[PDB]
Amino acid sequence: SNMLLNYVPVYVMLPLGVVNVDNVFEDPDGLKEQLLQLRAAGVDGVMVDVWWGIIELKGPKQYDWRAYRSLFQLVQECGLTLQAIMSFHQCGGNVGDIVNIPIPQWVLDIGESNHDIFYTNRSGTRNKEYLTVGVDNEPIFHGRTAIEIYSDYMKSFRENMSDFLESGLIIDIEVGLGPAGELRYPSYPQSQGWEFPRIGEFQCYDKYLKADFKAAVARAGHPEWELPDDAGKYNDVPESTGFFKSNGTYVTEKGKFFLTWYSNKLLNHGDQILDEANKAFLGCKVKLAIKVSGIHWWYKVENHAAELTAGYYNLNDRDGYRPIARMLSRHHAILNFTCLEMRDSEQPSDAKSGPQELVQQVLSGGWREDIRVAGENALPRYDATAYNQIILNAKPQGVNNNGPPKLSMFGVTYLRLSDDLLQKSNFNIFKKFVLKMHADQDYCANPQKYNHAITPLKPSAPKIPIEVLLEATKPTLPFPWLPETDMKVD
């Protein structure tokens, strides 16, 4: 078999706010010159937020798809494909967020009077960037539940963009499932202080989550159990907490029970919404995808504090990612792992960071459950170092000169298309990165040639029970990585 079978596509994220809060496509001409640059570089496609808070701004079911229609048209004129994010979250409080885009005002209005629709920490701070899982199924939004809102939105998108869907412009629909569009709790909000190598806080204090928790413990036989109260604050270190120190609460029954409850709320949140997405896009030539954050800090300590916290119940003896991957399998979805570039040695020692290990764990789990795996770089990088790291992760065992590689990622979405990137020296490097992702081949317009043809979305396979999902917590050894890519940028 051909080298082309080694190709991994590359996408570029568009700038935040290319459609402003006013639902206006501000600078088509500018963008256009940029896109044309990417097309000549050999880039396969681009990724864009489809902000819920811009589209359904006016009131319920008052969608205005016009400015996005224009943008998609321009992308299509430029010969690029497109990855569309159903962004049901706010833009603004996270790293890199240069523009503020909130959720719909009319939703915000409701929260003015029912504060418990937001994620809440133990101190009672309400985070407005995303609606809490606790209201997925509460019909308090003018008669709709939150899941109905998301679902209606995706249906509308589907019907209103059907021409672009059928012309094959859109290749994947990333379903936003939490803050920054990631399936996670907002445990590390910059907007509340949080600073890097801090552990973050559990976000289950809104009333619906607290009531669910309380009923559940009571059924377990411990009505008396409460939500954690010894876990510290955003910027603690684990050892400084009752919850996470050795022999702390996290390894008690109560803690295990809690952690399981907490992490399972995510799994079910993701499963239910993907169900809705599957039905909305049924028949379309697209794949669905979700985003999983890379919480590499504290990875190297037994407690994995930041991971727990974000709702990833990952320990050294409990795989907290593989169950997500298994969940994705019934929906035929892709796991988009949002941190691919970092090296362990670039982290402060005191953060006990294990980014490379975390990567191998996550991709291996996906590959093992037989799903497709994609990823992004978490932070803006322009150096060969970062690029060669992404290339290694893309094809962990190198290129197969006589067939398809044994392990390969399904795609990688580079972080942001800025002025800096297009600078002459930066862009020259990038061009190389693109070439080596492409395995030394020229850009290949027909994906069928590299074994990526998209077939019409089928219906989801049947619900897998939580027990079965949870079997995937059994630790496995990762697949073997090369120490260095065989296809470096230098």
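Counting begins at 1, following the sequence as shown.
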Task: Which of 437-445 and 39-47 has higher mean CA B factor, as the PDB entry lists it - done: 437-445
Task: 55-63 versus 460-468 - which carries the larger mean C-alpha B factor in the record - done: 460-468
Open item on the list: Take the CA temperature factors straight from the PDB entry and tell me which of 191, 278, 132, 260 peaks.
Closed with: 191
TODO: Can you pull the Cα B-factors for 364, 87, 418, 120 from the entry and say which is highest?
DONE: 418
- [ ] State the tercile, meaning the lowest, middle or highest third, of residue 224 with respect to the CA B-factors recorded for its chain.
- [x] highest
Task: residue 197 - Cα temperature factor, lowest/middle/highest third of chain - done: highest
Open item on the list: When the deposited Cα B-factors of this chain's modelled residues are ordered and cut into thirds, is residue 480 in the lowest, the middle or the highest one?
Closed with: highest
Open item on the list: Ranking every modelled residue in this chain by its Cα temperature factor as given in the entry, which third contains residue 151?
Closed with: lowest
TODO: Select lowest, middle or highest to describe the third in which the CA B-factor of residue 234 falls within its chain in this entry.
DONE: highest
